[PDB]
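K.L.:
This is the structure, below, for whatever I ask next.
All of the numbers you see were taken from the coordinates with simple rules; none came from a lab. Using ideal geometry, Cβ is built from the backbone for each residue, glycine included, and neighbour counts are taken over all protein chains shown.
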Amino acid sequence: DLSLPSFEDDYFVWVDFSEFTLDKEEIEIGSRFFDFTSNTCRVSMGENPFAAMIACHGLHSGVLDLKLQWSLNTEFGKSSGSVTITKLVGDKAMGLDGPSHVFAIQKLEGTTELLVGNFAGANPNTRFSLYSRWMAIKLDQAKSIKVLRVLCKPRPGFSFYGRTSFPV
Amino acid sequence: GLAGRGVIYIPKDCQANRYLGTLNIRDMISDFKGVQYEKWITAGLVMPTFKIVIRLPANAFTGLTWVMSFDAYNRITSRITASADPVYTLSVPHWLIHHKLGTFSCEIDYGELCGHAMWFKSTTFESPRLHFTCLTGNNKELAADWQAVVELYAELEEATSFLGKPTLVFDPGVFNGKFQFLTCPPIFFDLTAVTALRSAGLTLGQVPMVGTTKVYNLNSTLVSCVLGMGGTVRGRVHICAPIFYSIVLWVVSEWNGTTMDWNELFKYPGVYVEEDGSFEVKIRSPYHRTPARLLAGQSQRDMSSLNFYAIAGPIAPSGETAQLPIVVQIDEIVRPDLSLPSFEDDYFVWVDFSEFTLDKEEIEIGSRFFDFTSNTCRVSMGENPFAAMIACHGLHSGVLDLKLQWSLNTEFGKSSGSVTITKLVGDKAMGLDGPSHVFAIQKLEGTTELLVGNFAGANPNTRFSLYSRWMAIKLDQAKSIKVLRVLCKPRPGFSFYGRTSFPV
Amino acid sequence: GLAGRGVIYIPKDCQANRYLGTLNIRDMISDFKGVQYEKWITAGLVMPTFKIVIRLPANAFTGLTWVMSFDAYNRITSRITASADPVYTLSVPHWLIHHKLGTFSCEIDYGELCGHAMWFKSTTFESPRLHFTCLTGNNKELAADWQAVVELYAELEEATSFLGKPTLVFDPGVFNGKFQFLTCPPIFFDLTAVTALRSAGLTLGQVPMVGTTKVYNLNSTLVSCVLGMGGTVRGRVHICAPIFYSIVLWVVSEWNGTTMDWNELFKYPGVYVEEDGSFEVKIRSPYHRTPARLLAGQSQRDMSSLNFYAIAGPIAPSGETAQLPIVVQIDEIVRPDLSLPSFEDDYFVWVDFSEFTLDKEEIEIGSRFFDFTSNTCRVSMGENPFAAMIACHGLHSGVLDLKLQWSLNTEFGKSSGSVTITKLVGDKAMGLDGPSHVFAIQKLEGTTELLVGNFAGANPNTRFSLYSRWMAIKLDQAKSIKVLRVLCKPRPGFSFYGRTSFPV
């Protein structure tokens, strides 16, 4: 006799960035779904079953749809700059240019896809270096942002390989 | 088999409105204890079909009529224990017990009338009661105090599910015209009067009152779902007096006052009532319909009414003094001429927040649809049929689509911050993160879904703590908002369990 | 379903003959209380078929064997509460509980084993008990005290009659040769002995004793109905020790002593026993039969015996010290060679009255067959199988034909008066007059019938007061009588209910 599912087929919180100390901020994502750290801003990671499933398997692979939302710290009338989504294939150094995307800060939201995977087919739950698509979020007026929230929603067929555990 | 029992004590002078007592259904079964009680301990959960039997010496010489009121959610108890107004006792499922008919019996499908299964060891939500009150009094006191015996018969078996089948599913465009448990408080005729008139208003969407207390109930709530109604009122009339009292009534419908000419009166399409029975009277009106509710300054008598004219009697032997009571029950509007539904399948107002005093404001919603309170801002709650339906059932469950709208208090160019919708599973302390959502204040509007429910399947109309999804609205620049309006629109299949009432 | 329950506490050191406790069957059901208990209250009378289950952790390393004794008429309780001699515990219906087999179960048809239906509100005759005793002890103490759980399962339904079906109907010429509940007290072998002999007497009519106390029981009583028996003893042997104990036995029958020559011993027709199992051994005797009871100064070894020769072992690892116990059960004499019945279908002695001190003497019998006492004369009671059968059942009922005989103490020519038989229905005080009968003393003999029973249908083997026919013998010249002898002969169909025992 089961209850409703706790989650619907909807977005859920991946990460919130807040309390920026520098106007220039660049968050590298690459091709991974993982826990962020920053010396220059406050990272608040989401806790949900998807994140646990990532942690409790050896390998995973799929596509995430992202929704970015943000609110202003300064007066709207004074605002300038952008949330830019850099999309490459390769790396920052030698990469090819994909569907990179400039959201004027006044849009206050934006969307993008993220490939979680690589040429081999799947990501371990650790740092690794395997040729793939590459994503980054670039802030140029980060001190004018009170919060940058990133939600994700896995596209159907997001796959996990080898059940295991994850002590923290 | 016999599952439980109890005793109601009747005073020798049992007058109208006397509170006779309350039996606690679960205590009746556990004090008896009980082949059925013991089967219950093993089942854990039961969803009984009860036969209630009230043993009662039949007597045609008293005029006594009592009401048994099934109050599964303990909603009227507080307010009937000093004296029981019929408006309270008839606002929940109930049965008329006529002294002339003696021993009384009825069936209670606990799955319908209540909606949640009974746990052997303790009350889950509230403790289910049977109230016994006197609707019409004895014509003169009896010889001595006496008692009646109440008995519960059931074959208890283990319940498969926690929830029953929903008594009602929300739909704006659906009020059939059929009623259950719609009983009008007693109408009285003096025997010192050669003729008389008693009006019963037909503006059925009006909320009944007892002094300053509003008694919300499902029937008036249902009628309010429509703009007005025409057609024929089908009902039953009970004459609640001793065999030696008698009366003849002309029952007819009239619009805005009554005629003063007896000849005109009898050119109307009415019916004669000499005794207990059913009746059909056409709702009479210049528009063929009477409005569902009143406007300001209007009276129920300005519209269509069901009028009871005593044209012969009442008579009784000397020296009787008691009035002769008529109890009317309305069963349905047959051959109905309905107005438009009052609401469409659209959003309606849940709540407005305004006059914020702090820039940081956090409104917890959780998994409930309810009335907000705040020390730091002004809450204005919406009043509509949906909110009444929530109030007139023991349990409900469904999903609400929300639209948030807001206007600014400061200059647009100076604006900053957000309306943030936190969505969790669990609670603020240990919850999991769902589709939380940040609306930059400049969006000026946003949407979200709200689950009204929990792991068990339904919410009571009180505060409770049951693991579920959890929602909150977070303002960071609240003083920059002139108003935050929250509209909702129930998704199809929003369910209500166990019809009841709600006095405020 | 589960009807009642109880708990037995076992000591970490559980030795042979430890009393473990008594459960009261009706208290088990009423303390539980009990879907079955509540069905019982409505039925009034129940004649259950119980499944008794003893929950018990199986263990092959202890050697523990317990006995559950069904004592429906409370006959051995007084005698076993300090220490339980197997002669008592095995004298009523009983079951061996082997620790190696774990959880134990059996059926009790209360109709057979008891005979009267149970009244919900109070004990009718005596209160039915289950006794738990240790038959063979543990080889060494266990780690800690523990407990076992006793459960009663039954589907109680209303009893149609007060009385069950009779376990036994009196007949002198009928002892089949089949037994139930014939268990011999444990036989023990020392492991400090390379070989050994243990004899079991086959003189089965002998009444068992515990010190100076005779323990009358149905089995010995049955055997006493015959002069002697030959044939083959079919039984079962239980080896009641840990898996690490083992033994090999040569089991054979011998007459008057035992041979001292091992080679002769193995030319006899015996069987080997290495483990739990059944056995058949021919009863060996010069006459092909062994006598049912002993004469004066005869010993049970003087006749045919069932001999248990340990020919290898017992052995056990060091340093075990416990003896190895063998429990023998005798099921029947197969291919029986029976003697004449010891009694024919004839009268036998009930009582002699003699040495009268008063001329007026009145002996009340009522509706009972029982042992008389007098302060004014000498009572000499008869001892025979019928009397033992009365003593070894909870209830009995039937009709006795009486013959009275008497001889004179004074000169015949001087004699006067009568032996009068008063026959009433009721009691001396308010009774109705039946076939009372005046025998002039010169008749020197007379006859009458006696109903042994009452309105309920059967008599307990105690004093009771239940409306029935009532008999008394009245002497008016008692000092003129040298002896008054009363013989009886049960009419066909004299019935006994619920086999039990009777320690004196």
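K.L.:
For B:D190, C:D261, which order do you get if you count the other beta carbons within 10 Å of each Cβ and list the fewest first? Please list the in-between numbers first.
P.N.:
Values: B:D190 12, C:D261 9.
Ascending Cβ contact count within 10 Å gives the list C:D261, B:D190.
K.L.:
Now for a different question. Can you give the FRET efficiency to the nearest 0.05 for A:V168 and A:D1, using r as the Cβ-Cβ distance and R₀ = 35 Å?
P.N.:
FRET efficiency, A:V168 to A:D1: 0.60.
K.L.:
Right, something else. Starting from the Cα of C:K214, draw a straight line to each of the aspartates and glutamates and keep only those under 13 Å, dropping any in the same chain fewer than 8 residues away.
P.N.:
Reachable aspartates and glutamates: C:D85.
K.L.:
How large is ³J(HN,Hα) for each residue in region C:12-24, as worked out from phi by the Karplus curve 6.51 cos²θ - 1.76 cosθ + 1.60 (θ = phi - 60°), to whole Hz, x for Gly and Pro?
P.N.:
3, 9, 9, 9, 3, 6, 4, 7, 9, x, 10, 9, 9
K.L.:
Putting +1 on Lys and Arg Cβ atoms and -1 on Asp and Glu Cβ atoms, find which of C:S407, C:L432, C:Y497 reaches farthest to the positive end of the dipole of region C:356-504.
P.N.:
C:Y497
K.L.:
Determine one quarter of the surface area of the Cα convex hull of region C:343-504, which equals its mean projected area, and express it in nm² to one decimal.
P.N.:
9.9
K.L.:
Okay, moving on. Per-residue mean of other chain beta-carbon atoms within 10 angstrom of the beta-carbon, peptide A:58-69?
P.N.:
Averaged over the peptide's residues, the number is 1.
K.L.:
Could you pull out every residue, at least 5 positions away or on a different chain, whose amide H is within less than 5 Å of the one on B:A440? Hs are placed 1.01 Å off N in the peptide plane, and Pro or chain starts have none.
P.N.:
A:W70
K.L.:
Let me ask another. Which ³J(HN,Hα) values in Hz, rounded to whole numbers, follow from the phi angles of region C:223-234 under the Karplus curve 6.51 cos²θ - 1.76 cosθ + 1.60, where θ = phi - 60° and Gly and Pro get x?
P.N.:
The phi angles translate into 4, 5, 6, 10, 7, x, 8, x, x, 10, 7, 9 Hz.
K.L.:
Right, something else. Near the amide H of C:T103, under 5 Å away, which other amide H atoms are found, from residues 5 or more places off or on another chain, if H is placed in the peptide plane?
P.N.:
Under 5 Å from the amide H of C:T103 lie the amide H atoms of C:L56, C:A58, each far enough along the sequence or on another chain.
K.L.:
Take the alpha carbon atoms of region B:381-409, find their center, do the same for region B:201-271, and report the distance between the two centers in whole angstrom.
P.N.:
Their Cα centres are 32 Å away from one another.
K.L.:
In whole Å, how far is the Cα centre of region B:413-455 from that of region B:3-61?
P.N.:
49
K.L.:
Using a simple charge model, +1 on the beta-carbon of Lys and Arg, -1 on the beta-carbon of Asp and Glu, nothing else, what dipole does the protein assembly as shown show about its Cα centre, in debye to the nearest 20?
P.N.:
On the way: 105 positive and 115 negative charges, 97 e Å.
The calculation lands at about 460 debye.
K.L.:
When we measure straight from the Cα of C:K443, which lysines land under 17 angstrom away, once same-chain ones fewer than 8 places off are left out?
P.N.:
Those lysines meeting the cut-off are C:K403, C:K414, C:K474, C:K479, C:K482.
K.L.:
Next up: From Cα pairs below 8 angstrom and at least 6 apart in sequence, can you work out the relative contact order of region B:343-504, rounded to a whole percent?
P.N.:
Values: 358 pairs, mean separation 67.9, N = 162.
The normalised contact order for region B:343-504 reaches 42 percent.
K.L.:
May I ask you to derive the relative contact order of chain B, considering only C-alpha pairs under 8 Å and at least 6 residues apart, and to give it as an integer percent?
P.N.:
19
K.L.:
Further question on the same structure: Calculate, in nm to one decimal, what C:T195 and C:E355 gain on full extension: separation in residues at 0.36 nm each, minus their alpha carbon distance.
P.N.:
Result: 51.7 nm gained on full extension.
K.L.:
Determine the shielding of peptide B:436-445 by partner chains: average, over its residues, the number of Cβ atoms on other chains within 10 angstrom of each Cβ.
P.N.:
Mean shielding by partner chains, rounded to a whole number: 6.
K.L.:
Take the cross-link list C:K100/C:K282; B:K51/B:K100; A:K78/B:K428 and give me the ones stretching past 27 Å between alpha-carbons.
P.N.:
C:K100/C:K282; A:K78/B:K428
K.L.:
May I ask you to sort B:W40, B:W95, C:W66 by Cβ crowding, counting other Cβ atoms within 10 Å and putting the fewest first?
P.N.:
B:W95, C:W66, B:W40
K.L.:
On a straight-distance basis, which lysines could pair with A:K92 in a cross-link, Cα separation under 27 angstrom, same-chain partners fewer than 8 positions away excluded?
P.N.:
The reachable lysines, counting only those whose Cα sits under 27 Å from A:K92, are A:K24, A:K67, A:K107, A:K138, A:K143, A:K153.
K.L.:
Can you give the FRET efficiency for B:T77 and B:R55, using 1/(1 + (r/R0)^6), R0 = 25 Å, r = Cβ-Cβ distance, to the nearest 0.05?
P.N.:
0.60
K.L.:
Can you compute 3J(HN,Hα) from phi for each residue in region B:125-137, using the Karplus curve 6.51 cos²θ - 1.76 cosθ + 1.60 with θ = phi - 60°, rounded to whole Hz and x for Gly and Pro?
P.N.:
Per-residue couplings from phi come out as 9, 10, 7, x, 10, 10, 9, 10, 10, 9, 7, 10, x Hz.
K.L.:
Amide H neighbours of B:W146 under 5 Å, counting only residues 5+ apart in sequence or on other chains, H built in-plane at 1.01 Å?
P.N.:
When sequence neighbours closer than 5 places are left aside, the close amide H contacts are B:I10, B:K12.
K.L.:
Within 10 Å of each Cβ in B:423-435, how many Cβ atoms from other chains are there, averaged over the peptide?
P.N.:
That works out to 5 on average.
K.L.:
Order of B:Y287, C:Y73, C:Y216 from fewest to most other C-beta atoms within 10 Å?
P.N.:
B:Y287, C:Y216, C:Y73
K.L.:
Can you give the FRET efficiency for B:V149 and C:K33, using 1/(1 + (r/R0)^6), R0 = 30 Å, r = Cβ-Cβ distance, to the nearest 0.05?
P.N.:
0.80
K.L.:
Ok, one more. What is the distance in Å between the Cα centroid of region A:75-115 and that of region C:311-350?
P.N.:
Each part reduced to its Cα centre gives a spacing of 101 Å.
K.L.:
Can you run the Rg to Rh ratio on the protein assembly as shown? Use alpha carbon positions and the Kirkwood inverse-distance Rh.
P.N.:
1.17
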